[PDB]
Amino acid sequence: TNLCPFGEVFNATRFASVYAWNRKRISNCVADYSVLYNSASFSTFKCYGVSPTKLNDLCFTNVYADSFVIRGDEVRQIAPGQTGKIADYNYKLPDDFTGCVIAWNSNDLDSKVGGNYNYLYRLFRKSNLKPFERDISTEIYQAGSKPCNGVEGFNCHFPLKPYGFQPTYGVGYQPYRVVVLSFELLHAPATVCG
């Protein structure tokens, strides 16, 4: 009858980069969602396809928390039907979603003097992402008809560019840690409840 490890996800020392976003499966536990919502700590907490008040009064077969780091400006892209480098190439939410997006400013945890280059994002991709599709390939972007030959050059670009995360950056260019709650219901026993 133990509580779900939400602190393990939300209080992780280091978060994933958005292109290679991390997914954790929460199972066999009692999830208290009011603990997560009633906090005021997060700069965003939005639930789609389901009310957050009725979450405690429901059982699912599994829960998935998808964590990562992006800029302040890009936080509006972690929503259904949104566009831009992140929604398009990094993390895509289905146009019709059922879950929650919880995001908070982590300028204190993720932006060092001189720039934190541990956090990357994909700038180019030959196709838009499908909902929940992850891409971790470091293959050279062949912008032109000319074969790249595994080398950076003209019309050949490295698809991954870093957030130079510095503490003096403005809020829209600052790190924001994002956690996305997905709910799953299959013809199988309901492991998570309230």
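Numbers for residues come from their place in the sequence shown, where the first is 1.
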{"property": "41 to 49 or 160 to 168, whichever carries the higher mean Cα B-factor", "result": "41 to 49"}
{"property": "Higher-scoring stretch by recorded Cα B factor average, 51 to 59 or 66 to 74", "result": "51 to 59"}
{"property": "Cα B factor band for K146 (lowest, middle or highest third within the chain)", "result": "highest"}
{"property": "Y173 by Cα B-factor - lowest, middle or highest third of the modelled chain", "result": "lowest"}
{"property": "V18 CA temperature factor, ranked by third within the chain", "result": "middle"}
{"property": "Ranked C-alpha temperature factor of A12 among modelled chain residues, by third", "result": "middle"}
